[PDB]
Colleague: 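Sending over a structure as structure tokens; questions will come in a sec.
Here is the naming used below: chain letters follow the sequence lines, and residue numbers restart at 1 for every chain.
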Amino acid sequence: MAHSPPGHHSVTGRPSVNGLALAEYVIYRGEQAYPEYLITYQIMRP
Amino acid sequence: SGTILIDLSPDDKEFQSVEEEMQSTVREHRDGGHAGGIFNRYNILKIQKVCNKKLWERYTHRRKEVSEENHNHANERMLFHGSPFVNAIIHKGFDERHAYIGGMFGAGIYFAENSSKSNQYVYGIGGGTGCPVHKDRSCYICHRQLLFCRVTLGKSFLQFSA
Ligand SMILES: O=c1[nH]c(-c2ccc(C(F)(F)F)cc2)nc2c([N+](=O)[O-])cccc12
Ligand SMILES: [Zn+2]
């Protein structure tokens with residue numbers, strides 16, 4: 001696992017071509033996330 | 001491990017607000033459904049609260065350290081995470097073994113605002129070979145699992161991604 005850029009705790013991937021896409025995020029320390037909900041699902045055929 | 005899973009009732013406001021975030025953040029993907037399958041919505045079968053005192057205290061300790069480095073602002077978000085290692089994460093927490101070595105922003109742990117983005121990683125990088133039963137990345141039968149996670153961003157480095 002790499003380090004976050006100096007002076008930063010995470011990276012934000014800002015959508016920059018796809019106008020509809022939401023952001024993605026990267027942390028470099030496992031302690032900075034807690035898995036609060038487990039969602040069991042199926043994708044639905046349109 | 002110390003982890004218990006508590007089932008939420010569909011009548012519980014917490015079940016309903018987590019389901020809405022899952023359903024409302026589906027988008028179309030540039031791969032036309034290659035990785036995660038073709039769909040506009042989910043059939044939610046179950047939502048469980050992940051309860052682990054030790055993992056929670058590990059998270060809140062780190063959150064206080066970040067907050068004190070960032071003018072008392074943790075910059076906490078609720079984000080999706082899809083992984084073949086979801087069962088190891090709920091028991092042992094996130095660590096370097098859950099990192100995406102080849103990710104666009106280097107070796108880290110990736111989260112998404114779009115539930116359908118996290119859905120692309122449930123069966124591995126690029127959807128791997130799809131469900132273990134039918135080898136189908138667009139399987140409509142097999143049960144899938146995602147995590148909805150509490151994530152401390154603190155001071156986040158902004159990468160514009162064209
Ligand atoms: O929810 C997400 N999960 C994963 C992922 C990647 C690799 C692994 C594995 F190598 F351990 F198998 C496990 C999970 N990657 C994401 C990305 N991304 O582009 O990395 C963007 C947005 C969300 C996610
Ligand atoms: Zn299947």
Colleague: Is there a continuous path of hydrophobic side-chain contacts, each under 4.5 Å between heavy atoms, that joins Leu38(A) to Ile89(B)?
Modeller: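 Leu38(A) clusters together with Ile89(B).
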Colleague: Check the side chains of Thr3(B) and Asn52(B) for a donor-acceptor pair under 3.5 angstrom, ignoring hydrogens and angles.
Modeller: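 Result is yes, a qualifying pair exists.
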Colleague: Is the side chain of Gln42(A) donor-acceptor paired with the backbone N or O of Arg144(B) at a distance under 3.5 Å, no angle test?
Modeller: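 Side chain of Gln42(A) to backbone of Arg144(B), a donor-acceptor pair under 3.5 Å: no, none is there.
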Colleague: With rounding to the nearest 0.5 Å, note down the distance linking CE in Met44(A) to OH in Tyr42(B).
Modeller: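 Result: 12.5 Å between the selected atoms.
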Colleague: Does the side chain to side chain contact (heavy atoms under 4.5 Å, CB included) test come out yes or no for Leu5(B) and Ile90(B), once each step is laid out?
Modeller: CA-CA 9 Å; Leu5(B) 303 176; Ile90(B) 68 168; 4.0 Å; yes
Colleague: Is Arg150(B) positioned over the aromatic face of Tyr34(A), cation under 6.0 angstrom from the ring centre and no more than 45 degrees off axis?
Modeller: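 Negative - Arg150(B) is either too far from the ring of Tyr34(A) or too far off its axis.
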Colleague: Would you give the length of the straight line joining atom CD of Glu96(B) to atom CZ of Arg29(A), rounded to the nearest 0.5 angstrom?
Modeller: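 It comes to 11.0 Å.
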Colleague: Enter the distance from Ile47(B):CD1 to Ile39(A):CD1 here, rounded to the nearest 0.5 Å.
Modeller: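 The CD1 atom of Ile39(A) is 5.0 Å from CD1 of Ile47(B), to the nearest 0.5 Å.
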Colleague: How about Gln16(B) and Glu20(B): does a side-chain donor come under 3.5 Å of a side-chain acceptor?
Modeller: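 No, no side-chain donor-acceptor contact under 3.5 Å.
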Colleague: Between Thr129(B) and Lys135(B), is there a donor-acceptor pair closer than 3.5 Å when you use the side chain of the first and the backbone of the second?
Modeller: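 It does not hold such a pair.
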Colleague: Does the side chain of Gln145(B) come within less than 4.5 Å of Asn87(B)'s, by heavy atoms?
Modeller: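 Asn87(B) reaches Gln145(B) side chain to side chain.
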Colleague: Restricting to ring pair (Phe, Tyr, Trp, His ring centres under 6.0 Å), what partner residues turn up for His81(B), sequence neighbours left out?
Modeller: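 Listed in chain order: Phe94(B), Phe111(B).
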Colleague: Let's go through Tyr121(B) and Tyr110(B) carefully: what are the C-alpha distance in whole Å and the side-chain angles of both, what is the deciding distance for side chain to side chain contact (heavy atoms under 4.5 Å, CB included) to 0.1 Å, and is it a yes or a no?
Modeller: CA-CA 10 Å; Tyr121(B) 292 89; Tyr110(B) 285 64; over 6 Å; no
Colleague: If you count heavy atoms of other groups shown closer than 6.0 angstrom to CD of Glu28(B), is the number above 12?
Modeller: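 No.
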Colleague: Which residues pass the ring pair (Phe, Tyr, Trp, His ring centres under 6.0 Å) test with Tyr37(A), sequence neighbours left out?
Modeller: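 Scan of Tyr37(A) (ring pair (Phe, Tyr, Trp, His ring centres under 6.0 Å), adjacent residues dropped) gives none.
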Colleague: Using a 3.5 Å distance criterion without hydrogens, assess whether the side chain of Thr25(B) forms a donor-acceptor pair with backbone atoms of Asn114(B).
Modeller: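 No.
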Colleague: Compare every heavy atom of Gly154(B) with every heavy atom of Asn70(B), then report the nearest pair and how far apart it is.
Modeller: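 Closest approach of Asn70(B) to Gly154(B), heavy atoms only: ND2-C, 3.7 Å.
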Colleague: Which atom names give the shortest non-hydrogen contact between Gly37(B) and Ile43(A), and what distance separates them?
Modeller: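 Heavy-atom minimum between the residues: CA-CD1, 4.1 Å.
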Colleague: Should the heavy atoms of other residues, nucleotides or ligands under 6.0 Å from NE2 of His73(B) be counted, would the total exceed 12?
Modeller: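 Yes - once you tally the heavy atoms of other residues, nucleotides and ligands closer than 6.0 Å, there are more than 12.
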Colleague: Locate the shortest heavy-atom distance separating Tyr140(B) from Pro46(A); write the atom from each residue and the value.
Modeller: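 Shortest heavy-atom separation between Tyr140(B) and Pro46(A) comes out as OH-CD, 4.1 Å.
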Colleague: Is it true that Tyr41(A) and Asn119(B) share a donor-acceptor pair across their side chains at a distance under 3.5 Å?
Modeller: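 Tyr41(A) and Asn119(B) do have a side-chain donor-acceptor pair below 3.5 Å.
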Colleague: I'd like to know whether CE of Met104(B) has more than 12 heavy-atom contacts from other residues, nucleotides or ligands below 6.0 angstrom.
Modeller: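 Atom CE in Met104(B) is not crowded, with 12 or fewer foreign heavy atoms closer than 6.0 Å.
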Colleague: Judged by modelled atom types alone, do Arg137(B) and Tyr123(B) share a side-chain donor-acceptor pair under 3.5 Å?
Modeller: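 Distance-only check fails for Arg137(B) and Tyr123(B).
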Colleague: Between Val122(B) and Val86(B), is there shared hydrophobic-cluster membership here, with clusters defined by ILVMFWY side-chain heavy atoms closer than 4.5 Å?
Modeller: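 Looking at the clustering, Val86(B) is in a separate group from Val122(B).
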Colleague: Would one find more than 12 heavy atoms of other residues, nucleotides or ligands at under 6.0 Å from atom NE2 of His91(B)?
Modeller: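 Above 12, so yes.
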Colleague: Starting from the C-alpha separation in whole Å, work towards a yes-or-no answer on side chain to side chain contact (heavy atoms under 4.5 Å, CB included) for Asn75(B) and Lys155(B).
Modeller: CA-CA 8 Å; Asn75(B) 194 23; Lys155(B) 180 161 165 55; over 6 Å; no
Colleague: Under a 4.0 Å threshold between the charged nitrogen and the carboxylate oxygen, would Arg63(B) count as salt-bridged to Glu31(A)?
Modeller: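 A salt bridge is absent here (no side-chain N lies under 4.0 Å from a carboxylate O).
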Colleague: Return the minimal non-hydrogen interatomic distance between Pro84(B) and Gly124(B), and the atom names on each side.
Modeller: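 Reported closest heavy-atom pair: CG-CA, 4.0 Å.
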Colleague: Would a 4.5 Å heavy-atom cut-off, applied to side chains only, mark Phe15(B) and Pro10(B) as touching?
Modeller: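 A side-chain contact under 4.5 Å exists here.
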Colleague: With sequence neighbours left out, what residues match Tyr59(B) under side chain to side chain donor-acceptor pair (under 3.5 Å)?
Modeller: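 Testing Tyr59(B) for side chain to side chain donor-acceptor pair (under 3.5 Å), a comparison that skips the adjacent residues, returns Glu76(B), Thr152(B).
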Colleague: Take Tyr28(A) and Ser4(A) through the side chain to side chain contact (heavy atoms under 4.5 Å, CB included) test and state the conclusion after the steps.
Modeller: CA-CA 6 Å; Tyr28(A) 302 92; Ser4(A) 26; 3.6 Å; yes
Colleague: I'd like to know whether CG of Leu20(A) has more than 12 heavy-atom contacts from other residues, nucleotides or ligands below 6.0 angstrom.
Modeller: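 No, because the 6.0 Å sphere around CG of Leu20(A) holds 12 heavy atoms or fewer from other groups.
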Colleague: Looking at every heavy atom in both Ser156(B) and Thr12(A), which two are closest together, and how far apart are they?
Modeller: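 Shortest heavy-atom separation between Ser156(B) and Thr12(A) comes out as OG-OG1, 2.6 Å.
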Colleague: Through direct or indirect side-chain contacts below 4.5 angstrom among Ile, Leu, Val, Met, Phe, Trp and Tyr, which residues connect to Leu45(B)?
Modeller: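 The other cluster members (ILVMFWY side chains, heavy atoms under 4.5 Å, direct or chained): none.
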Colleague: Could you tell me whether the side chain of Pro15(A) reaches within less than 4.5 Å of the side chain of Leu22(A), counting heavy atoms only?
Modeller: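 The answer is no, as the side chains (C-beta and beyond) never meet within the 4.5 Å cut-off.
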Colleague: Can you hop from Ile38(B) to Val26(B) via hydrophobic side chains spaced under 4.5 Å?
Modeller: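 As far as the 4.5 Å side-chain criterion goes, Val26(B) and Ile38(B) are connected within one cluster.
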Colleague: With rounding to the nearest 0.5 angstrom, report the OG to CZ distance, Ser116(B) to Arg41(B).
Modeller: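 Going from the OG atom of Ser116(B) to the CZ atom of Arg41(B) covers 15.0 Å.
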Colleague: Is the side chain of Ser118(B) donor-acceptor paired with the backbone N or O of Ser115(B) at a distance under 3.5 Å, no angle test?
Modeller: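 Side chain of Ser118(B) to backbone of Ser115(B): no pair is present.
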Colleague: Please list, chain by chain and in numerical order, all residues satisfying ring pair (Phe, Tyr, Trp, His ring centres under 6.0 Å) with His8(A), sequence neighbours excluded.
Modeller: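 Checked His8(A) against ring pair (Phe, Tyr, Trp, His ring centres under 6.0 Å); matches are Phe157(B).
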Colleague: Find out whether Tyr25(A) and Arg77(B) are in side-chain contact, i.e. whether some heavy atom of one side chain is under 4.5 Å from a heavy atom of the other.
Modeller: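 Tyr25(A) reaches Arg77(B) side chain to side chain.
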Colleague: Quick one: do the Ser83(B) and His98(B) side chains pair a donor with an acceptor below 3.5 Å?
Modeller: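 No, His98(B) and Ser83(B) have no side-chain donor paired with an acceptor closer than 3.5 Å.
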Colleague: To the nearest 0.5 angstrom, please state how far the CE atom of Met22(B) sits from the OG atom of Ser17(B).
Modeller: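 Atom-to-atom, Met22(B):CE and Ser17(B):OG are 13.5 Å apart.
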Colleague: Give the minimum heavy-atom separation between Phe160(B) and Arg14(A), together with the two atoms involved.
Modeller: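 The pair with the smallest heavy-atom distance is CE2-NE, 3.7 Å.
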Colleague: What residues join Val17(A) in its hydrophobic cluster, counting side-chain heavy atom gaps under 4.5 Å, either direct or through other members?
Modeller: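 Members other than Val17(A) - counting any ILVMFWY side chain reachable under 4.5 Å - there are none.
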Colleague: Quick one about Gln32(A) and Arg62(B) (side-chain donor to acceptor, distance below 3.5 Å, no hydrogens or angles considered), yes or no?
Modeller: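 Side-chain D/A pair, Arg62(B) to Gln32(A): present.
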Colleague: Within this structure, what is the CG-OG distance for the pair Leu55(B) and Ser1(B), rounded to the nearest 0.5 Å?
Modeller: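 Spacing of CG (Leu55(B)) from OG (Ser1(B)) equals 8.0 Å.
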Colleague: Would you confirm whether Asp31(B), through its side chain, and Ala35(B), through its main-chain N or O, come within 3.5 Å as a donor-acceptor pair?
Modeller: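 Yes; judged by distance alone, with no hydrogens or angles, the pair exists.
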Colleague: Is there a path of hydrophobic side-chain contacts, each under 4.5 Å between heavy atoms of I/L/V/M/F/W/Y residues, joining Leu79(B) to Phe148(B)?
Modeller: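 No.
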Colleague: Would you say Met78(B) ends up clustered with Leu146(B) if hydrophobic residues are merged whenever their side chains have heavy atoms under 4.5 Å apart, either directly or through other cluster members?
Modeller: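 Same cluster: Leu146(B) reaches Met78(B) through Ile, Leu, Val, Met, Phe, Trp or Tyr contacts under 4.5 Å.
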